[PDB]
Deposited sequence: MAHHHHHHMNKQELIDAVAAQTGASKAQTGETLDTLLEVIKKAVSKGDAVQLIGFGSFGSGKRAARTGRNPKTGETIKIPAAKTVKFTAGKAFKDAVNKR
């Protein structure tokens, strides 16, 4: 990738456009991320139209001789508007 935006740079860009303090913006982002993780961890899906949806998937146990038990996965599905934006 060209550049790497970290959380502080994301907070600074967003704060500039909302007018909110960097402190409030940052707590709001941190809580948004916690709520999404909590919800998906419970087996729910979070849909953000124009961005995408977070959700979980299932992995069955699989052998490779080692053994891997079943797990859940973190799934992100980008929405049309995100994919279209990245293709321009």
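**Student:** Let me make sure I understand the coverage. Which parts of the deposited sequence, in order from the N-terminal end, have no C-alpha coordinates here?
**Tutor:** 1 to 4, 69 to 75, 100 are the stretches of the deposited chain that have no C-alpha coordinates in the structure.
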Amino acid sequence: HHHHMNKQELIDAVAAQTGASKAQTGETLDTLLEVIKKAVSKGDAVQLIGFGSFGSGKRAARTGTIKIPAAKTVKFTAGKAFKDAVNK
From here on, numbers count along this sequence of modelled residues.
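**Student:** Quick check on the record: does 16 to 24 or 65 to 73 carry the larger mean Cα temperature factor?
**Tutor:** Mean CA B-factor is higher for 65 to 73.
**Student:** Between 53 to 61 and 37 to 45, which has the higher average C-alpha B-factor in the PDB entry?
**Tutor:** Going by the record's values, the stretch with the higher mean is 53 to 61.
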